[PDB]
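Down below is the structure, laid out as structure tokens.
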Amino acid sequence: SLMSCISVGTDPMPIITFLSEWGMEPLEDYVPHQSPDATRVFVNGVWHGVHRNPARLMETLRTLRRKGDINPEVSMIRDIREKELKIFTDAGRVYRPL
Amino acid sequence: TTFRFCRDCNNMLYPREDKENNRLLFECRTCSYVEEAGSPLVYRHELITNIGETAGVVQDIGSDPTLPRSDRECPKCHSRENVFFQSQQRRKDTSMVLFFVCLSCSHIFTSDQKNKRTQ
Amino acid sequence: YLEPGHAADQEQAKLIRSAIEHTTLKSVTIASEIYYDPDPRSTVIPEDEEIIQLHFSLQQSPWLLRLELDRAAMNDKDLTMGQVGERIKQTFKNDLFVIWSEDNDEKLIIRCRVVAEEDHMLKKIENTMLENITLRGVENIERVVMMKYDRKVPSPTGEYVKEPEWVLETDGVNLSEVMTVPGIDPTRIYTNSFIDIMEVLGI
Amino acid sequence: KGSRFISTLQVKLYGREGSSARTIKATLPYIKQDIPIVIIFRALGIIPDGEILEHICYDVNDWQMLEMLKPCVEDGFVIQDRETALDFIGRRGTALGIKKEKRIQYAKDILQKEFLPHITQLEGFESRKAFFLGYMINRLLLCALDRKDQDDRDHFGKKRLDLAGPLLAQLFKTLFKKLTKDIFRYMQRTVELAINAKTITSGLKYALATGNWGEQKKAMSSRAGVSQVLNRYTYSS
Amino acid sequence: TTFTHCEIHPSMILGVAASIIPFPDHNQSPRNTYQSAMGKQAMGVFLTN
Amino acid sequence: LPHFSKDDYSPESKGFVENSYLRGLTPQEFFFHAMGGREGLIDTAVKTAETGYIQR
Amino acid sequence: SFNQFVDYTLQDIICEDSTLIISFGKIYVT
Amino acid sequence: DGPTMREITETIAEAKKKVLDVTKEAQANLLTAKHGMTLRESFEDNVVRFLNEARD
Amino acid sequence: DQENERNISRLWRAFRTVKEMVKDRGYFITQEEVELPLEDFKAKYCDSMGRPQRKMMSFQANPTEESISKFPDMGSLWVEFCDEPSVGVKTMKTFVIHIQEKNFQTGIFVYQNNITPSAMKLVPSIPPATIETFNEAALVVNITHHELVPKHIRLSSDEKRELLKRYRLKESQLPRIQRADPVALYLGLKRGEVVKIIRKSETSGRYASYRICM
Amino acid sequence: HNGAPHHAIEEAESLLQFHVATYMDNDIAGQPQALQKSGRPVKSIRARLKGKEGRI
DNA sequence: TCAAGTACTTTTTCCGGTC
RNA sequence: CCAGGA
DNA sequence: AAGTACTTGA
Ligand SMILES: [Zn+2]
Ligand SMILES: [Zn+2]
């Protein structure tokens, strides 16, 4: 379609570094029954850890993109029901501007 | 059901009958641990399930824009502010009954005019 | 196709529908449960207390297999607690002790006991029960629909007149068996599977 | 980027809807048989059941999913420590590779280099790969318990389009590595500057002319029609 | 009342070829699919050079 | 489509093209007609060789 | 796509498993 | 015709309600499935049937 | 009472079809003999409990005057039923020698469930006489009576010879009925034997086809 | 005919068996495709007669 | 001995370029 | 092979 | 994508 573009592929580390700093508990120290409602956070199908208040994190990440600090071609989705936050710095994804 | 583990091993527990005092126990097959049973029920099958219907009802449920709203007055706080969805139990058979989640009291009420719920 | 006479009789159609459409113990069951109920005479489930009080008056395993049947399901595929129980009883013969809650009684229950090591044994018995026990119907024959097909037939006065009939529509094939069923026209019976027609009725 | 190990891990739920002993086994790269999930966790370091179960099922309440894990626990009951788990994995080759010290050393390498190569291919990351396997078993059971739908293989979000750049990348990597092994050949010959720049040029040249995206005049299977002559009938064309 | 985004223009769902179809919202689905195949074979000035 | 609320079994959501060709189609109507239209083109395409071999 | 390749990707390919008993540094394109 | 177009619009309009009515009926669990069909399968059949009755 | 009466109905329905097949084969059986009611079957072959006494059922049948005109060497037939659901070498040796001594040409064995491979080995043991095995359950319904099953007529050696002469045929060139064919079984056709099929035609009203046995 | 090294013989034999094999049919189960020096496999006689395009 | 797995087989209407 | 035509 | 033909474990 006319407005379609394809993700060139960026670096995941500025986002992984950002996440940990914004309340992301690392998987290496996860205790499922302690934090049982924990939203599981992924960056390119790699489970990095969990977060206790995704509501606020998601807003921070969205403001990061809409500012330019997080690249605009980066995809970030929050499936509330499934308790998941998947991020894509990934190359080859087809996107459209809205 | 709801089963226990062995303190010491953390390994799971297998049921053993105490033939003498006619009572049920739970033995550990890794150490010498034994504990008496809480309930007589050891195994439950459940073919016609209802567990899945109201899944993933995080208090953030209101923050999903994809979810539709209605002006139905709540059974508890009587609030005409609520989000709704269908039985999340992804089966063919499944009825088109709706589950309403209050945007204030968070109570889950249904549209079921055949039966009365608590989940 | 139905027997000559009872061609317009919808109730006869239902009778065959019921006699042919396959029914398994699985289709009626809500859930099966394994309990440790050591006294055969007295029960840890207070609900069942009444079922024992009768199915005793007018030796066995302390491990109980308890299954709940669905009243709504038990009706659409017309069935009785008696007839369901009878199948189980007649399947496992004298190596399984069966009791059942009455069709009247609120919850629908079947209590089963065998005649060291018994836990796995009963888990096999419940699989046999759900998967292998056939209640009603013929094997391979599922979803049987009743249909009011229109049939042109000569009238006493001579002229060919519309005399519609009740016809059954299967979701599966078993020629040999459904043909030998009382209440049908074994002269009229058709299958889309001509491979079957060949095998049963000749080349 | 880097070699690109196209190892696909399958986590299999044995037994059908109505069959007794519904076990969960997983086919590991370079291992002939599918290992029961439990032994994998044990070989990873997550030794007692329940510590294993914690990685799979996140709700202690959910009895339904937990009953579904009891057979697996029974299947992995034979193996009780990390070592015996690696031997069991090492036994099932490979080929077999006979010798006790050899097979246990193998399984270490497979779990490190071929099992879940994204995440990390580094050493001390058993915790990360265990929780992931547990997230996979959670999803396997979630679908089998009819709570989630089977994955739409046709969802566009799950597809990628490789344009000119990634296409060239794949082909350039192939050739630069062919040059690297020709650099090694002239260094071996020098028992004491002859680096054929033709291989890089002619390689790219071949691919883009024929549209047979691969090395080189000995192509099949290579994907023909990747590069093609631009339609110049009309501007819109 | 939940709207997170808005469509720049719905006509943008179309590709280069379909975007020359006048009133494609008034044609039967494949007739449009046909034009976005034929216009590729239509003569004209391809480049000024 | 992302222009709809979840669990929408309405005619407008599941592909009912309310309008005439003379009136014109809404973007949603247009895309759904396009999905339905594509189905026929697929069988036209396939049938062509399947049908050919049957003949042979 | 091509721009991302030349500027970045191409350099990374040049130095990943490259080094031989001889290393490959910064890349230049005429 | 101008009035034929009013008459057409009001034909779809009434069929649109007839559909909402079966939907409200299905959401309230009052719908009774046809022997050998899902409660949902039965519903979709009705919806599809009304909407076609309408187009015609 | 229970579900006992239904196994009786079935055995009687089976018996009717046996009688039907026998008359059809070309043996002397009456219509009233075939059309025997259920009540009359009960009060004949049922004990002091109304349980079917299949040993009583077993009967002999002779070729009709008409049959000896077409097939002279067509001898007598013996139809034996059995009260034992599984029939073994013990009950079989009894029936086998029975046919050899009474100089029977053909013999049918209607069995409930099975015939042991021990007993089945005695089937082609006494030629020129021939033995047939029929599972009672197949015979509950006469397949020949079906809408789709047309009139098959067995041809004589002379009738066959004539067919081939009239159409200038080799047995190769004729359409073939399979030996195991439900109707080929019902008619007890032997390899080489020919059937004349008379079917209705939307084209000609009546069409005659022929099939040779496999 | 010469000093038979007896294994170099069963070796030279099996190669001839292969050539006389791949000459008639080159598209055999056990994969080595007797590929021409150009990668392109050698066109067997079987290939020449094999259906649609080619002889028959 | 007999279900289930394995190999290996097989097709698909007619009419320029660049290599 | 690739691109197209009915 | 759907077969024959043959082989393998219970
Ligand atoms: Zn223990
Ligand atoms: Zn409320």
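Residue numbers (the entry's author numbering), protein chains in the order written: chain W, 540 to 637; chain A, 2 to 120; chain S, 1119 to 1176, 1187 to 1243, 1254 to 1341; chain D, 246 to 437, 446 to 490; chain B, 736 to 784; chain V, 784 to 839; chain H, 50 to 70, 90 to 98; chain Y, 672 to 727; chain L, 2 to 215; chain U, 281 to 336.
Note that the Cβ used here is the ideal one computed from N, Cα and C, for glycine as well.
### Query
Cβ of D:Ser-372 less than 8 Å from any chain W Cβ?
D:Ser-372 has a beta carbon lying within less than 8 Å of a beta carbon in chain W.
### Message
Along the chain, where does the beta strand (DSSP E) containing S:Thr-1147 start, and where does it finish?
### Response
DSSP places S:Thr-1147 inside the beta strand (DSSP E), whose first and last residues are 1147–1154.
### Query
If you check the beta carbons only, do S:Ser-1229 and S:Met-1267 fall under 8 Å apart?
For the 8 Å CB-CB criterion, S:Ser-1229 and S:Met-1267 do not form a contact.
### Alpha-carbon spacing of S:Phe-1220 relative to L:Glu-102, whole angstroms
Computed Cα separation, rounded: 47 Å.
### Query
Where the beta carbon is closer than 6 Å to any heavy atom of ligand 1, which residues qualify, in chain order?
Going along the chain, the residues that qualify are A:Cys-7, A:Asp-9, A:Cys-10, A:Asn-12, A:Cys-29, A:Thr-31, A:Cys-32 and A:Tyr-34.
### Query
In terms of residues, what are the limits of the alpha helix (DSSP H) holding S:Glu-1214?
Secondary structure note for S:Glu-1214: its alpha helix (DSSP H) is the uninterrupted segment 1209–1220.
### Query
From the beta carbon of W:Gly-548, is the nearest beta carbon of chain H less than 8 Å away?
At least one chain H Cβ lies under 8 Å of W:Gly-548.
#### Entry: Test: D:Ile-364 CB closer than 8 Å to a CB of chain H
No, because no Cβ of chain H sits closer than 8 Å to the Cβ of D:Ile-364.
### Task
Taking a Cβ distance cut-off of 8 Å, strictly less, list which residues of the segment 738–759 of chain B are near chain W, in chain order.
Of all residues in the segment 738–759 of chain B, only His-740, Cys-741, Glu-742, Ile-743, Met-747, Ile-748, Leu-749, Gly-750, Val-751 and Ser-754 place a beta-carbon less than 8 Å from a beta-carbon of chain W.
### Query
Quick one: does Y:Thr-682 have its CB under 8 Å from some CB of chain A?
No, Y:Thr-682 lies away from the interface with chain A (no Cβ there is under 8 Å from its Cβ).
### Task
Label S:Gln-1211 either buried or exposed according to how many other C-beta atoms from any shown protein chain fall within 10 Å of its C-beta, with 16 as the threshold for buried.
Result: exposed.
### Task
Check whether the Cβ atoms of W:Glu-621 and A:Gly-57 sit closer than 8 Å, and answer yes or no.
Result yes, Cβ atoms of W:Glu-621 and A:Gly-57 sit closer than 8 Å.
### Task
Kindly give me the distance between the Cβ atoms of L:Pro-64 and L:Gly-27, rounded to whole angstroms, as I take these residues to be in contact under 8 Å.
6 Å between Cβ atoms; contact.
### Query
Can you give, in chain order, each stretch of the alpha helix (DSSP H) that sits fully within the segment 116–153 of chain L and has at least 4 residues?
At a cut-off of 4 residues, the continuous stretches assigned as alpha helix (DSSP H) that sit fully inside the segment 116–153 of chain L are 118–121 and 137–140.
### Task
Taking only beta-carbon positions, decide if S:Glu-1151 is within less than 8 Å of chain A.
Yes, S:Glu-1151 lies at the interface with chain A (some Cβ there is under 8 Å from its Cβ).
### Message
Is any non-hydrogen atom of ligand 2 found closer than 7 Å to the C-beta of A:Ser-71, if you look at the structure I gave you?
### Response
Not so, every heavy atom of ligand 2 lies at least 7 Å from the Cβ.
### Message
Under 8 Å, Cβ to Cβ, is there at least one residue of chain A near W:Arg-605?
### Response
Closer than 8 Å: no.
### Limits of the unbroken alpha helix (DSSP H) element including L:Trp-13
Annotation for L:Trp-13: the continuous alpha helix (DSSP H) segment containing it runs 6–26.
### Task
Go ahead and label S:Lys-1205 buried or exposed: buried means 16 or more other beta carbons lie within 10 angstroms of its beta carbon, across all protein chains shown.
Counting of Cβ neighbours within 10 angstroms places S:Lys-1205 among the buried residues, the total reaching 16 or more.
### Task
Could you say which of D:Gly-290, D:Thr-253 and D:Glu-319 lies nearest to A:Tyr-15 if we only look at CA atoms?
Closest by alpha carbon: D:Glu-319.
### Task
Verify the contact flag: A:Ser-105, CB atom, against every heavy atom of ligand 2, threshold strictly below 7 Å.
True, at least one ligand heavy atom lies under 7 Å from that Cβ.
### Query
Is the Cβ-Cβ distance between L:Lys-20 and L:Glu-34 less than 8 Å?
Their beta carbons are under 8 Å apart, which means L:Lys-20 touches L:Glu-34 by this criterion.
### Task
Starting from the C-beta of H:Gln-53, find all residues in its chain whose C-beta is less than 6 Å away, skip the five residues before and the five after it, and write them out in chain order.
Excluding positions up to five away in sequence, the list is empty.
### Task
Reducing DSSP to helix, strand and coil, say where A:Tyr-34 ends up.
Here A:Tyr-34 sits in coil by DSSP.
### Query
Smallest Cα separation from L:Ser-10: which of L:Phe-82, L:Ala-62, L:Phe-72 and L:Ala-138?
Out of L:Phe-82, L:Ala-62, L:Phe-72 and L:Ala-138, L:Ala-138 has the C-alpha closest to the C-alpha of L:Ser-10.
### Query
Distance, Cα to Cα, H:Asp-66 vs D:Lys-422?
Approximately 9 Å between the Cα atoms of the pair.
### Message
Can you pull the chain S neighbours of Y:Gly-707, defined as C-beta to C-beta under 8 Å?
### Response
Under the 8 Å cutoff, chain S gives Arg-1281, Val-1282, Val-1283 and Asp-1309.
### Query
Could you give the residue range of the alpha helix (DSSP H) that holds W:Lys-622?
Here W:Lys-622 belongs to no alpha helix (DSSP H), and DSSP marks it neither H nor E.
### Query
If you drop the 5 nearest sequence neighbours on each side, which residues of the same chain put their C-beta closer than 7 Å to that of L:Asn-114?
So the qualifying residues of the chain are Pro-86 and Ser-87.
### Message
Quick check: the segment 757–771 of chain B against the segment 457–465 of chain D, are at least 3 beta-carbon pairs closer than 8 Å?
### Response
Three or more beta-carbon pairs separated by less than 8 Å are not found between the segment 457–465 of chain D and the segment 757–771 of chain B, which leaves the two stretches without contact.
### Message
Please report the distance separating the alpha-carbon of U:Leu-329 from that of U:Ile-308.
### Response
Straight-line measurement puts the Cα of U:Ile-308 at about 16 Å from the Cα of U:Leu-329.
### Query
In chain D, which residues lie less than 9 Å from B:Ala-772 when you measure between Cβ atoms?
Chain D residues near B:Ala-772: none, gap ~10 Å exceeds 9 Å.
### Message
Nearest by alpha-carbon distance to D:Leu-420: which of D:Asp-407, D:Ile-453, D:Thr-487 and D:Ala-409 is it?
### Response
The shortest C-alpha separation from D:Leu-420 is found at D:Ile-453.
### Sheet register partners of W:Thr-578 (DSSP bridge)
Answer is W:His-590, bridged to W:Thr-578.
### Task
Note down the Cα distance separating A:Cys-78 from S:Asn-1265, rounded to an integer number of angstroms.
Answer to the nearest angstrom: the Cα atoms are 47 Å apart.
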